[PDB]
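Q: Sending over final.pdb (PDB, C-alpha atoms).
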```pdb
ATOM      1  CA  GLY Q   1       0.000   0.000   0.000  1.00  0.00           C
ATOM      2  CA  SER Q   2       0.910   3.664   0.271  1.00  0.00           C
ATOM      3  CA  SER Q   3       1.589   4.643  -3.322  1.00  0.00           C
ATOM      4  CA  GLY Q   4       2.223   8.341  -2.821  1.00  0.00           C
ATOM      5  CA  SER Q   5       2.251  11.126  -5.383  1.00  0.00           C
ATOM      6  CA  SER Q   6      -1.283  12.153  -4.500  1.00  0.00           C
ATOM      7  CA  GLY Q   7      -3.412  14.481  -6.590  1.00  0.00           C
ATOM      8  CA  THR Q   8      -7.093  14.299  -5.728  1.00  0.00           C
ATOM      9  CA  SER Q   9      -9.534  12.193  -3.746  1.00  0.00           C
ATOM     10  CA  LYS Q  10      -9.807   9.142  -5.969  1.00  0.00           C
ATOM     11  CA  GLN Q  11     -11.751   6.688  -3.842  1.00  0.00           C
ATOM     12  CA  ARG Q  12     -13.029   6.981  -0.292  1.00  0.00           C
ATOM     13  CA  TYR Q  13     -12.393   3.309   0.368  1.00  0.00           C
ATOM     14  CA  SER Q  14      -8.821   2.413  -0.504  1.00  0.00           C
ATOM     15  CA  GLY Q  15      -6.852   5.645  -0.433  1.00  0.00           C
ATOM     16  CA  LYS Q  16      -4.515   6.539   2.407  1.00  0.00           C
ATOM     17  CA  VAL Q  17      -6.090   6.369   5.844  1.00  0.00           C
ATOM     18  CA  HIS Q  18      -5.930   8.792   8.747  1.00  0.00           C
ATOM     19  CA  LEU Q  19      -5.879   7.954  12.437  1.00  0.00           C
ATOM     20  CA  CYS Q  20      -8.191  10.107  14.519  1.00  0.00           C
ATOM     21  CA  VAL Q  21      -9.028  10.013  18.210  1.00  0.00           C
ATOM     22  CA  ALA Q  22     -12.641  10.601  19.170  1.00  0.00           C
ATOM     23  CA  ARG Q  23     -12.682  13.989  20.856  1.00  0.00           C
ATOM     24  CA  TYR Q  24     -16.033  13.313  22.480  1.00  0.00           C
ATOM     25  CA  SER Q  25     -17.885  10.061  23.044  1.00  0.00           C
ATOM     26  CA  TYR Q  26     -20.486   9.872  20.301  1.00  0.00           C
ATOM     27  CA  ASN Q  27     -23.280   7.445  19.508  1.00  0.00           C
ATOM     28  CA  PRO Q  28     -25.307   7.483  16.281  1.00  0.00           C
ATOM     29  CA  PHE Q  29     -27.595   4.761  17.577  1.00  0.00           C
ATOM     30  CA  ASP Q  30     -28.576   7.020  20.451  1.00  0.00           C
ATOM     31  CA  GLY Q  31     -30.883   9.252  18.445  1.00  0.00           C
ATOM     32  CA  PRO Q  32     -33.788   8.807  16.021  1.00  0.00           C
ATOM     33  CA  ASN Q  33     -31.169   8.735  13.289  1.00  0.00           C
ATOM     34  CA  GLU Q  34     -32.623   6.387  10.700  1.00  0.00           C
ATOM     35  CA  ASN Q  35     -29.073   5.775   9.538  1.00  0.00           C
ATOM     36  CA  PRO Q  36     -27.067   5.307  12.742  1.00  0.00           C
ATOM     37  CA  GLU Q  37     -25.166   2.368  11.305  1.00  0.00           C
ATOM     38  CA  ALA Q  38     -23.867   4.751   8.666  1.00  0.00           C
ATOM     39  CA  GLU Q  39     -21.918   6.648  11.298  1.00  0.00           C
ATOM     40  CA  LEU Q  40     -19.653   5.245  13.987  1.00  0.00           C
ATOM     41  CA  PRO Q  41     -19.897   5.379  17.788  1.00  0.00           C
ATOM     42  CA  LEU Q  42     -16.941   7.582  18.644  1.00  0.00           C
ATOM     43  CA  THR Q  43     -15.439   7.173  22.094  1.00  0.00           C
ATOM     44  CA  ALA Q  44     -13.521  10.086  23.563  1.00  0.00           C
ATOM     45  CA  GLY Q  45      -9.959   8.805  23.631  1.00  0.00           C
ATOM     46  CA  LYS Q  46     -10.582   5.882  21.309  1.00  0.00           C
ATOM     47  CA  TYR Q  47      -9.080   5.932  17.835  1.00  0.00           C
ATOM     48  CA  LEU Q  48     -10.287   5.132  14.339  1.00  0.00           C
ATOM     49  CA  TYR Q  49      -9.022   4.899  10.779  1.00  0.00           C
ATOM     50  CA  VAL Q  50     -10.706   7.192   8.284  1.00  0.00           C
ATOM     51  CA  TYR Q  51      -9.833   6.297   4.710  1.00  0.00           C
ATOM     52  CA  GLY Q  52      -9.524   9.056   2.138  1.00  0.00           C
ATOM     53  CA  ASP Q  53     -10.802  12.427   3.291  1.00  0.00           C
ATOM     54  CA  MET Q  54     -13.970  14.410   3.891  1.00  0.00           C
ATOM     55  CA  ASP Q  55     -17.031  12.785   2.370  1.00  0.00           C
ATOM     56  CA  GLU Q  56     -19.594  14.328   0.052  1.00  0.00           C
ATOM     57  CA  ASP Q  57     -21.687  14.911   3.151  1.00  0.00           C
ATOM     58  CA  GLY Q  58     -18.732  16.069   5.211  1.00  0.00           C
ATOM     59  CA  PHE Q  59     -17.931  12.996   7.272  1.00  0.00           C
ATOM     60  CA  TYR Q  60     -14.991  10.661   7.755  1.00  0.00           C
ATOM     61  CA  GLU Q  61     -15.205   6.984   6.886  1.00  0.00           C
ATOM     62  CA  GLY Q  62     -13.502   6.114  10.153  1.00  0.00           C
ATOM     63  CA  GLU Q  63     -12.895   2.424  10.740  1.00  0.00           C
ATOM     64  CA  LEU Q  64     -13.413   1.531  14.382  1.00  0.00           C
ATOM     65  CA  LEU Q  65     -10.646  -0.576  15.877  1.00  0.00           C
ATOM     66  CA  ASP Q  66     -13.282  -3.291  15.935  1.00  0.00           C
ATOM     67  CA  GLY Q  67     -13.519  -2.996  12.168  1.00  0.00           C
ATOM     68  CA  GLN Q  68     -16.682  -0.920  12.258  1.00  0.00           C
ATOM     69  CA  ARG Q  69     -16.887   1.124   9.080  1.00  0.00           C
ATOM     70  CA  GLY Q  70     -19.060   4.223   8.998  1.00  0.00           C
ATOM     71  CA  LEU Q  71     -19.164   8.003   8.855  1.00  0.00           C
ATOM     72  CA  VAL Q  72     -17.371  10.121  11.429  1.00  0.00           C
ATOM     73  CA  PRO Q  73     -17.653  13.836  12.227  1.00  0.00           C
ATOM     74  CA  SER Q  74     -14.353  15.689  12.149  1.00  0.00           C
ATOM     75  CA  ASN Q  75     -15.835  17.752  14.956  1.00  0.00           C
ATOM     76  CA  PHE Q  76     -15.699  14.689  17.174  1.00  0.00           C
ATOM     77  CA  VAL Q  77     -12.396  13.267  15.991  1.00  0.00           C
ATOM     78  CA  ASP Q  78      -8.851  14.453  16.585  1.00  0.00           C
ATOM     79  CA  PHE Q  79      -6.279  13.431  14.003  1.00  0.00           C
ATOM     80  CA  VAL Q  80      -3.947  11.730  16.451  1.00  0.00           C
ATOM     81  CA  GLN Q  81      -0.309  11.099  15.618  1.00  0.00           C
ATOM     82  CA  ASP Q  82       1.953   8.184  16.461  1.00  0.00           C
ATOM     83  CA  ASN Q  83       5.214  10.104  16.532  1.00  0.00           C
ATOM     84  CA  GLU Q  84       5.187  13.509  14.879  1.00  0.00           C
ATOM     85  CA  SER Q  85       8.940  13.923  15.145  1.00  0.00           C
ATOM     86  CA  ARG Q  86      10.033  12.333  11.889  1.00  0.00           C
ATOM     87  CA  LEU Q  87      12.146  14.744   9.878  1.00  0.00           C
ATOM     88  CA  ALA Q  88      14.699  17.294  11.022  1.00  0.00           C
ATOM     89  CA  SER Q  89      12.297  19.918   9.727  1.00  0.00           C
ATOM     90  CA  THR Q  90      13.428  22.410   7.113  1.00  0.00           C
ATOM     91  CA  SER Q  91      10.620  24.947   7.040  1.00  0.00           C
ATOM     92  CA  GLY Q  92       8.726  26.568   9.887  1.00  0.00           C
ATOM     93  CA  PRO Q  93       5.124  27.671  10.459  1.00  0.00           C
ATOM     94  CA  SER Q  94       3.625  30.994   9.441  1.00  0.00           C
ATOM     95  CA  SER Q  95       2.064  33.830  11.404  1.00  0.00           C
ATOM     96  CA  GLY Q  96      -1.680  33.643  11.925  1.00  0.00           C
TER      97      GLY Q  96
END
```
Would you give me this structure, written as structure tokens?
A:
Amino acid sequence: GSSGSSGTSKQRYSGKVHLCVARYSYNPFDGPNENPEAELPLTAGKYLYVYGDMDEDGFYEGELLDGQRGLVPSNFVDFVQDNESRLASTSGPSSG
């Protein structure tokens, strides 16, 4: 896997994946949502793997550690990082 290059969201079910950490325990099957299965029950602290990027609706196809595949709000997920420190860094941030 991991081809690289990148260009544009090709497929939201094969492309690179991102690891996020539920920012706030969420449950789609807690409301009248007629499509709770679509989403995923985020658990503050827990992590998930969202393949691709934002969806047409504006959700993340996070893949629960259990294998649960569904939508995921970026407002309830925090793109966690294993070990940021990777490169020696060449460029810095900008003001703003």
Q: For residue 10 of chain Q, which residue out of Q:73, Q:85, Q:60, Q:55 is the nearest one, using all atoms listed in the file?
A: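 Of Q:73, Q:85, Q:60, Q:55, the one nearest residue 10 of chain Q is Q:55, counting all atoms listed in the file.
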Q: Point out the residue among Q:83, Q:75, Q:14, Q:90 with the least atom-to-atom distance to residue 63 of chain Q, counting all atoms listed in the file.
A: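 Under the stated criterion, the closest residue is Q:14.
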Q: Counting only C-alpha atoms, figure out which residue out of Q:41, Q:58, Q:93, Q:52 gets nearest to residue 21 of chain Q.
A: Q:41
Q: Which residue out of Q:71, Q:87, Q:82, Q:1 has the minimum interatomic distance to residue 37 of chain Q when all atoms listed in the file are used?
A: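 Under the stated criterion, the closest residue is Q:71.
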Q: Taking all atoms listed in the file into account, name the residue in Q:59, Q:16, Q:89, Q:42 that is nearest to residue 4 of chain Q.
A: Q:16
Q: Evaluated on this file, the PyMOL selection byres ((chain Q and resi 43) around 12) picks out some residues - which ones are they, written as a PDB file with C-alpha atoms, in the coordinates of the input?
A:
```pdb
ATOM      1  CA  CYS Q  20      -8.191  10.107  14.519  1.00  0.00           C
ATOM      2  CA  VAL Q  21      -9.028  10.013  18.210  1.00  0.00           C
ATOM      3  CA  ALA Q  22     -12.641  10.601  19.170  1.00  0.00           C
ATOM      4  CA  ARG Q  23     -12.682  13.989  20.856  1.00  0.00           C
ATOM      5  CA  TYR Q  24     -16.033  13.313  22.480  1.00  0.00           C
ATOM      6  CA  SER Q  25     -17.885  10.061  23.044  1.00  0.00           C
ATOM      7  CA  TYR Q  26     -20.486   9.872  20.301  1.00  0.00           C
ATOM      8  CA  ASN Q  27     -23.280   7.445  19.508  1.00  0.00           C
ATOM      9  CA  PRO Q  28     -25.307   7.483  16.281  1.00  0.00           C
ATOM     10  CA  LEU Q  40     -19.653   5.245  13.987  1.00  0.00           C
ATOM     11  CA  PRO Q  41     -19.897   5.379  17.788  1.00  0.00           C
ATOM     12  CA  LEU Q  42     -16.941   7.582  18.644  1.00  0.00           C
ATOM     13  CA  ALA Q  44     -13.521  10.086  23.563  1.00  0.00           C
ATOM     14  CA  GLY Q  45      -9.959   8.805  23.631  1.00  0.00           C
ATOM     15  CA  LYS Q  46     -10.582   5.882  21.309  1.00  0.00           C
ATOM     16  CA  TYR Q  47      -9.080   5.932  17.835  1.00  0.00           C
ATOM     17  CA  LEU Q  48     -10.287   5.132  14.339  1.00  0.00           C
ATOM     18  CA  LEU Q  64     -13.413   1.531  14.382  1.00  0.00           C
ATOM     19  CA  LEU Q  65     -10.646  -0.576  15.877  1.00  0.00           C
ATOM     20  CA  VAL Q  72     -17.371  10.121  11.429  1.00  0.00           C
ATOM     21  CA  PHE Q  76     -15.699  14.689  17.174  1.00  0.00           C
ATOM     22  CA  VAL Q  77     -12.396  13.267  15.991  1.00  0.00           C
ATOM     23  CA  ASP Q  78      -8.851  14.453  16.585  1.00  0.00           C
TER      24      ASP Q  78
END
```
Q: From the set Q:67, Q:61, Q:96, Q:36, which residue has the shortest atom-to-atom contact distance to residue 18 of chain Q, counting only C-alpha atoms?
A: Q:61
Q: For a test of reading the model, state the distance in Å between atom CA of residue 80 of chain Q and atom CA of residue 8 of chain Q, rounded to one decimal.
A: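 That distance, rounded to one decimal, is 22.5 Å.
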Q: Calculate, to one decimal in Å, the centre and edge lengths of the box along x, y and z of the file that holds all listed atoms of segment 9-26 of chain Q with 6 Å of margin on each side, and present them as AutoDock Vina command-line options.
A:
```
--center_x -12.5 --center_y 8.2 --center_z 8.5 --size_x 28.0 --size_y 23.6 --size_z 41.0
```
Q: Could you please determine the separation between atom CA of residue 74 of chain Q and atom CA of residue 31 of chain Q in Å, to one decimal place?
A: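 Atom-to-atom, atom CA of residue 74 of chain Q to atom CA of residue 31 of chain Q, that is 18.8 Å.
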Q: By how many Å are atom CA of residue 5 of chain Q and atom CA of residue 94 of chain Q apart?
A: 24.8 Å
